[PDB]
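Below: one protein chain in two forms, given as structure tokens, structure 1 then structure 2.
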Structure 1
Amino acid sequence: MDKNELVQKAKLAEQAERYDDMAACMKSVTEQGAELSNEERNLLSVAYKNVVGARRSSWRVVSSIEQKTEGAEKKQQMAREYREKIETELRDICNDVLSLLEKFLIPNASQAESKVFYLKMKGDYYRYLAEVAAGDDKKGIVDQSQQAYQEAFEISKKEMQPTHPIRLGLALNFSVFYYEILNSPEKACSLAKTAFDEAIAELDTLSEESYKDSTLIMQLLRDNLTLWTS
């Protein structure tokens, strides 16, 4: 239960592609209450990304199957129940992250880049909840996502260079929120195009540490733009 040991085990779990183990280690690190280093922060994010990603992918498959089996009630009821079980896992994972975010990560964020990272993450995990939200709760979930993204967005435009990978990654995910959650293609495109164009005009401000991350995100911004406007 030592911190450096937990971090090393997390790295080992990542190599082994055992992301449940990875998330458990990094959760334990976070719960010790100290602000996460950049490396620790990224390990936590990678771990939960894979843990929730597996559920998101499974959910899409099963929800799709559920829809296409109308009039075969026994098979559909079976598909529905399985979707709901996956959904419960998914919600528990998102609530796990969102709780760590409220209790430790966002309050301990001393610098702007860290505050943007965590607010972005809060935006993401509410967005994943919104993907599977139905009825009453959806509008509330959607507003929680939007508000976290919006605050991150404003802070990033004030404190970070246009080519900063965290600022670009936020624009990318916030544009996806507009496209997929708010059904506003036009606002999604505007946001993506601006982020891309402002980064393009300043490639000299890239560093050796971030030029690969930043240029990959730019490429994805443009990939999305192309798809959305076809």
Structure 2
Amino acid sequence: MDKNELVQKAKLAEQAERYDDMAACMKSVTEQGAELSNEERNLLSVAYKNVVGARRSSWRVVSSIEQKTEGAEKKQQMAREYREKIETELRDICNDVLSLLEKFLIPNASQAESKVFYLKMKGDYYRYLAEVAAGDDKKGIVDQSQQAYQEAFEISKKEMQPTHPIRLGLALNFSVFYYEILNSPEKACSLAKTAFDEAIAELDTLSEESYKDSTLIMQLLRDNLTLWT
């Protein structure tokens, strides 16, 4: 319909915690082909984060039940079959986001900030695919995630301040990729530690608009470092 109505519907759905509605609204906004404002960008990201996050959380639970029912084959087969059903929904949602990124979001990004944001997003949704990838497809999926994160990383290093929350957020999620997907603690820790120290050395470049997001991500970066050591 009309874009302003769709955005207002999306904001209502968010308050109601109806994230399927919220994602449907923001996907329609995106498909109209015009570059998203920062507010629209955030709404789209929040909606799909919640939609895919529901399945990722169910997947972790069912996958853990599957492991705990080793030696009880009837129950374990049922947990495996339910996990594979959740995985199909998970892939469908990720394919949805990734297609929006390819056709509309990344080609339209006219600022380094938007470029980094959407490349990070591409890295994220390929990473969620990698979490549940198995066969010949996994290495290519992993490589797509790495290339997206790498492109964002280079742009952000050249164009954004160390304290910028999108630069910090990218370092956070890229380090998680290195640890959880590439199985490389040292590259995860090196990335998270460097992002933290560069930011902590430049605190007076924090703006009132963003210091809460930035200092939060810094804490998360050091949390991951602590855990990984």
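Numbers follow structure 1, counted from its first residue as 1. If you superpose the two forms and keep the largest set of C-alpha atoms that fall within 1.5 Å, you have the rigid core. Residues that one form lacks are left out of the comparison.
Of the residues 161, 50, 173, 69, exactly one exceeds or equals a 2 Å C-alpha shift between the two structures once the rigid core is aligned, and that residue is 69. Aligning the rigid core leaves the CA of residue 80 displaced by 1.4 Å between the two structures. Core superposition gives residue 26 a CA displacement of 0.2 Å between the two structures.
Moving regions between the two structures, defined as 3+ consecutive residues each with a CA shift of at least 2 Å after core superposition, come down to one: 67-74.
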